[PDB]
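Visitor:
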Amino acid sequence: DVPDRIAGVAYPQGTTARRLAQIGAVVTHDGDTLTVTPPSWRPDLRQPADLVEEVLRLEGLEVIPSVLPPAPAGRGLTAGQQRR
Amino acid sequence: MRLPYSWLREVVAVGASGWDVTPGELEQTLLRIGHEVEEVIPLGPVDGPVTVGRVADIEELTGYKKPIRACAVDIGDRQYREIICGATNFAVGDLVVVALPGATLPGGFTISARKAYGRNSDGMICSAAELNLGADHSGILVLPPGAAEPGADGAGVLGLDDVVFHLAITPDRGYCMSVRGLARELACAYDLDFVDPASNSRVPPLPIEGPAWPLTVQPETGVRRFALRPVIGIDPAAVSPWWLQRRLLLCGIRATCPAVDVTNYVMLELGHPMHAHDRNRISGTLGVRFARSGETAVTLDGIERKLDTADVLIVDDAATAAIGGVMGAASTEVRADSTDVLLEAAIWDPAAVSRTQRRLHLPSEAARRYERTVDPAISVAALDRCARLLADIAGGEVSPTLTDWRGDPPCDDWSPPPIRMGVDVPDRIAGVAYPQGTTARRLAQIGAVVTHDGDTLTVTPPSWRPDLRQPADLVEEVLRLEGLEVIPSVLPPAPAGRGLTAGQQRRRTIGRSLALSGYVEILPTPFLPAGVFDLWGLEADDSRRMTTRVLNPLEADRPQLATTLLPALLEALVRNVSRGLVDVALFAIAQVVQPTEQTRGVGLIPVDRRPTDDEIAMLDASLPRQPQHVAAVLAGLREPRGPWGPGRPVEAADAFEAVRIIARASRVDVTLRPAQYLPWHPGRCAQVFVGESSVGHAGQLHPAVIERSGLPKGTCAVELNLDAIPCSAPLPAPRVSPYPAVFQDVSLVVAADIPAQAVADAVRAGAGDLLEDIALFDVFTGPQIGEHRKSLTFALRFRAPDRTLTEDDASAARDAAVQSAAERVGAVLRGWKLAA
Numbered sequence: 424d425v426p427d428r429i430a431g432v433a434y435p436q437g438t439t440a441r442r443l444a445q446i447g448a449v450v451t452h453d454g455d456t457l458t459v460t461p462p463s464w465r466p467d468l469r470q471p472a473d474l475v476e477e478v479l480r481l482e483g484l485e486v487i488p489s490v491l492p493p494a495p496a497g498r499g500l501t502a503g504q505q506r507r
Numbered sequence: 001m002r003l004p005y006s007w008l009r010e011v012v013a014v015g016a017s018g019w020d021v022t023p024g025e026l027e028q029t030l031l032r033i034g035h036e037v038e039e040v041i042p043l044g045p046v047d048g049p050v051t052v053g054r055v056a057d058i059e060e061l062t063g064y065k066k067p068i069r070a071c072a073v074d075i076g077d078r079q080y081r082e083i084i085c086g087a088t089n090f091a092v093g094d095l096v097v098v099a100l101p102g103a104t105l106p107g108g109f110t111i112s113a114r115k116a117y118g119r120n121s122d123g124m125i126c127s128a129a130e131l132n133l134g135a136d137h138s139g140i141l142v143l144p145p146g147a148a149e150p151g152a153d154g155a156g157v158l159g160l161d162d163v164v165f166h167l168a169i170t171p172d173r174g175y176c177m178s179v180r181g182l183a184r185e186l187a188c189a190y191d192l193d194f195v196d197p198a199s200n201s202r203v204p205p206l207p208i209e210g211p212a213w214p215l216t217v218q219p220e221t222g223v224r225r226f227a228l229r230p231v232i233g234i235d236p237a238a239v240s241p242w243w244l245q246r247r248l249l250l251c252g253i254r255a256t257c258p259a260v261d262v263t264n265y266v267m268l269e270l271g272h273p274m275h276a277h278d279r280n281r282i283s284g285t286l287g288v289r290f291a292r293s294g295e296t297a298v299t300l301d302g303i304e305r306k307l308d309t310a311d312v313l314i315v316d317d318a319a320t321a322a323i324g325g326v327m328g329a330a331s332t333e334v335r336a337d338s339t340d341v342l343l344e345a346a347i348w349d350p351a352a353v354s355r356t357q358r359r360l361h362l363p364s365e366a367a368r369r370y371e372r373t374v375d376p377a378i379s380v381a382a383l384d385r386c387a388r389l390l391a392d393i394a395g396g397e398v399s400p401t402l403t404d405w406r407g408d409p410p411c412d413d414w415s416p417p418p419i420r421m422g423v424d425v426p427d428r429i430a431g432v433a434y435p436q437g438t439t440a441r442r443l444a445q446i447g448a449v450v451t452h453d454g455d456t457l458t459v460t461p462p463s464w465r466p467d468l469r470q471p472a473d474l475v476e477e478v479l480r481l482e483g484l485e486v487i488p489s490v491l492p493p494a495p496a497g498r499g500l501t502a503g504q505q506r507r508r509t510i511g512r513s514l515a516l517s518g519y520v521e522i523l524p525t526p527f528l529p530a531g532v533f534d535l536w537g538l539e540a541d542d543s544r545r546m547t548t549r550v551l552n553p554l555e556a557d558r559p560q561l562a563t564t565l566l567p568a569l570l571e572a573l574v575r576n577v578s579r580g581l582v583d584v585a586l587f588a589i590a591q592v593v594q595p596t597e598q599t600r601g602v603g604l605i606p607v608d609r610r611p612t613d614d615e616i617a618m619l620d621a622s623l624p625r626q627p628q629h630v631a632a633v634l635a636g637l638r639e640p641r642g643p644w645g646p647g648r649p650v651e652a653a654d655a656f657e658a659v660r661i662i663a664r665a666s667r668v669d670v671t672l673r674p675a676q677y678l679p680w681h682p683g684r685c686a687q688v689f690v691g692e693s694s695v696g697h698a699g700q701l702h703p704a705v706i707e708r709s710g711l712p713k714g715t716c717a718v719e720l721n722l723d724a725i726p727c728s729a730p731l732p733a734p735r736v737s738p739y740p741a742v743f744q745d746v747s748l749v750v751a752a753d754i755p756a757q758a759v760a761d762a763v764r765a766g767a768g769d770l771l772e773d774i775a776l777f778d779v780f781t782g783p784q785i786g787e788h789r790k791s792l793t794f795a796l797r798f799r800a801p802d803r804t805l806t807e808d809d810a811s812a813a814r815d816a817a818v819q820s821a822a823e824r825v826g827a828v829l830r831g832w833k834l835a836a
């Protein structure tokens, strides 16, 4: 579900594994943990972040919602900034 | 509410014997649970010979200003000392308190055998104040006969190891204005068993064998309970024992006679006020009824009260007995010869007492407890406690007759409705996980009946707690008894905000901009000076005179709210000038009050729902217009004196420049047009326009206004309506041509009456896009051009966007500009020049 978390979207089931298959990787399931072996023409695919971008771009980035984060109580501008 | 620690300790001790705590700890515990402690007074200490004495002989010393007394005082062991005293509230045979040579009174006074008024004085006879025992009043302290023998130790007789707590009880805790209530609060705080001093084990009920007096009650007066019991054949000359007179004095009450003293004592003890009527002075049936228009009553203090048809009285066939809940009347007052007493234990309507006492300025001890709701369940118990005590002191019987009107139909059960609340609700509101069973244990301590139904408690508060009536109310009880200090500090996440609004950002920029240019901001007052518009000479129908009016101003001649900020500004100017600060520029940004119709109030809307958009619109429309203004005043030197020169006095142009500062700060363009408008000078006043909307005025003040007002000669002023200046958020994209400019100077002769800006506009209009800048240099008059004409010399800077301007191309643009000024303002060219 790592691509689901990063995108903030609940992708249909088997989406991350189908898309990684299309790009030519060997995908195997062990409960909640996939093992993904990318193809030789894809030396860029080498951490989980890299695999997220493949899922997210093939599903389209337009489906990602706009959600303001809660930012904590800030301290505002500093003295030096206010002085300039 | 003052009360002493010993009494409070005694009541707490019944159910937790041996309880005792320092004043410090008591103060802290009281604050922690919600009771403001205003002062802690331990009773001022004495050292040495401060003993009871008996006055054995009085000799009036004559020949001095006041009456003076040389007294022989029996001080013990058959020693008689001569003592000078200036009071008069004592006779031969009276127990007093003497401080003898070697004694030290509170405040660090040492007593010494002095000579005064021609005799030797071996000390002094003390007042309750001089001993820091109670409030200072006229005369010395007199103890009741049999309180102590002459020679007894003053500190022990008077109980000076006691401490008085002065509290400020909040109006939601009326039950706390008595030893009963505060003692209960301490038993809750300290986790003690509590024996209620109003309960039956502690006040056994007297007999009930027929009515004690005929009574009719108009129930729409709000009376909830009304009880009478008599005590007959009391000694009119008995006095209250020392312990009782003392407790009253520490509580702020001067004792007078057992009939009165016992009702004040039970009031302090149980929180139910009481009153004693001379029964033989009542004529016929007691009636509780509203007062009639114009009616009068004379209260105990012999002062005639003008009544109001919302005041509840007690009357009889002859006259008024009481302003119910506020103060008894003279006609049934206990007095020196009163032998048969009728005791009143009533429960009045809180809102009724509140209105009546505020209106009459009688915030009596009774009224203040009724305002905050007295426990109706204890009226007879307070009555019986009061009757027994009166009989015991002054020796009569308590008649077994009793009236006890309890509503129609009679109310037998005084408990409020039950409240349903989730068991963890106090935990949520506090943000604390309280130990299990905490909310239900604490609600039990405060006397409520608590029952569990899974996760939902049902809580029925006691009768003395009419404030406990929603779940929120119950949360505060849990949280305050556990302590508020246990609640953690947790910043909430607030959402992405939008920052300050345009208008807010604009008012800051206007203030920074005026302050840099040398203006000092004042906080204006909204209350106008008396007759300011007569001083300005405003017409009768001038809109500024239609003012909203306050009804209870702190100055009776300044009740009008300001339709203009200049009065307050001019007032601060006058103050600065009168303190020697004569070169001053002041400004204000504040709202005015401009009413439209008459003062139309809107009727009450139910608060069990939110008001509808229409109801809000109607409320808004009922209020006066209240736009935001900016205004300024200037007097004295605008530029100060220094090495550069003598400085420059304020002129009207400086107020015009203040418009331009505000407008630059607002990012809008203004035009100034000649205008006549008080309080300004008619030839030095400008009306300010943004586009075609008037936004205010600026210029010099009318010299007659300045003179009538006591203002500095030459004072200038500016006022703009900020609500009339529209928002602008420009997105500029300036064309910045780098090709060389051509500078030419042109002089135009026009009628004196034509404004300079009109001539500039005309020159700009005809010159077109090549004119990069125009600026007025000279304004010349003289005979050779016309007695009513004037020469204006403008500096023109031309620049092309795509090329170097030839000089003939510039002169064509000038010719067009000169022709435009001809066609629009009748200008005549006088000469031109190639600015070198």
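Protein chains in written order, with the deposited numbering: chain B, 424 to 507; chain B', 1 to 836. A prime marks a further copy of an entry chain. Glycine residues also receive a C-beta, built at the ideal position from the N, C-alpha and C atoms.
#1: Consult DSSP for B'/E787 and reduce its assignment to one of helix, strand or coil.
#2: Mind checking if B/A502 is an interface residue toward chain B', Cβ cutoff 7 Å exclusive?
#3: Output yes or no for whether 7 Å exceeds the beta carbon distance between residue 848 of chain B' and B'/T51.
#4: For the putative contact between B'/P49 and B'/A103, defined by C-beta atoms under 8 Å, what is the C-beta separation to the nearest angstrom?
#5: Beta carbon of B'/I347, beta carbon of B'/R224: below 7 Å?
#6: Could you list which residues in chain B' have their beta carbon closer than 7 Å to that of B/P488, in chain order?
#7: Who are the near neighbours of B'/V14 in its chain, counting only those whose CB is closer than 6 Å to its CB and skipping five residues on each side?
#8: So B'/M421 is in the beta strand (DSSP E); what residue range does that whole segment cover?
#9: Output the distance between the C-alpha atoms of B'/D57 and B'/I282, rounded to the nearest integer angstrom.
#10: In chain order, what are the residue ranges of uninterrupted beta strand (DSSP E) at least 3 long that sit wholly in the region 506-550 of chain B'?
#11: Suppose the cutoff is 7 Å on Cβ atoms and the five residues either side in sequence are ignored; what does the same chain contact list for B'/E639 look like?
#12: Using a threshold of 7 Å, state whether the C-beta atoms of B'/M274 and B'/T299 are closer than that.
#13: Would you mind giving the Cβ-Cβ distance between B'/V520 and B'/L569, rounded to the nearest angstrom? I have them listed as a contact below 8 Å.
#14: Taking all protein chains shown into account, do 16 or more other C-beta atoms lie within 10 angstroms of the C-beta of B'/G499, making it buried, or fewer, making it exposed?
#15: Between the region 183-190 of chain B' and the region 27-47 of chain B', do at least 3 Cβ pairs fall closer than 8 Å?
#16: Less than 7 Å between the beta carbons of B'/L619 and B'/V602, yes or no?
#17: Taking buried to mean at least 16 other C-beta atoms within 10 Å of its own C-beta, is B'/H452 buried or exposed?
#18: Scan the region 100-175 of chain B' and note each continuous beta strand (DSSP E) run of 3 residues or more that stays entirely inside, going in chain order.
#19: Buried or exposed: B'/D94, going by 16 or more other Cβ atoms within 10 Å of its Cβ?
#20: From the DSSP secondary-structure annotation, give me the bridge partner or partners of B'/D57.
#21: Considering only the alpha carbon of each residue, which of B'/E295, B'/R664, B'/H629, B'/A276 lies closest to B'/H697?
#22: Find out if the Cβ-Cβ distance for the pair B'/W7, B'/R247 is shorter than 7 Å.
#23: Taking the CB atoms as reference points, tell me whether B'/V746 and B'/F794 lie closer together than 7 Å.
#24: Go to B'/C188, then tell me how far its alpha helix (DSSP H) extends in each direction, as first and last residue.
#25: Might you give, ordered along the chain, the residues of its own chain that have their beta carbon closer than 6 Å to the beta carbon of B'/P219, omitting 5 neighbours on each side?
#26: Once you ignore the five residues that flank B'/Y677 on each side, which residues in its own chain have a CB closer than 6 Å to its CB?
#27: The alpha helix (DSSP H) with B'/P350 in it runs from where to where?
#28: Considering only DSSP beta bridges, list what B'/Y80 is partnered with.
#29: Would B'/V334 and B'/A276 qualify as a contact pair, given that the criterion is a beta-carbon distance under 7 Å?
#30: Hey, how far is the Cα of B'/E269 from the Cα of B'/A377?
#31: Just to confirm, are B/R507 and B/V478 a CB contact at a threshold of 7 Å?
#32: Strictly under 7 Å for the Cβ-Cβ distance: is B/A496 near chain B' by that measure?
#33: Following the continuous alpha helix (DSSP H) through B'/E772, name the residue where it begins and the one where it ends.
#34: Could you tell me whether the Cβ atoms of B'/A652 and B'/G683 are closer together than 7 Å?
#35: Would a check of beta-carbon distances place B/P493 closer than 7 Å to chain B'?
#36: Taking 8 Å as the threshold, find out whether the region 788-808 of chain B' comes into contact with the region 733-745 of chain B' through three or more Cβ pairs.
Guide: With the given structure in hand:
#1: coil
#2: no
#3: Residue 848 of chain B' cannot be examined here, being either before or after the span of chain B' that is shown, 1 to 836.
#4: 5 Å
#5: yes
#6: Those within 7 Å of B/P488 in chain B' number zero; the least Cβ separation is about 15 Å.
#7: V195
#8: 419-422
#9: 42 Å
#10: none
#11: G647, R648
#12: no
#13: Not a contact, Cβ separation roughly 11 Å.
#14: exposed
#15: yes
#16: yes
#17: exposed
#18: 114-116, 119-121, 163-168
#19: buried
#20: B'/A72
#21: B'/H629
#22: yes
#23: yes
#24: 179-189
#25: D408
#26: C685, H697
#27: 350-360
#28: B'/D74
#29: yes
#30: 15 Å
#31: no
#32: yes
#33: Not the alpha helix (DSSP H): B'/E772 falls in the beta strand (DSSP E), residues 771-780.
#34: no
#35: yes
#36: yes
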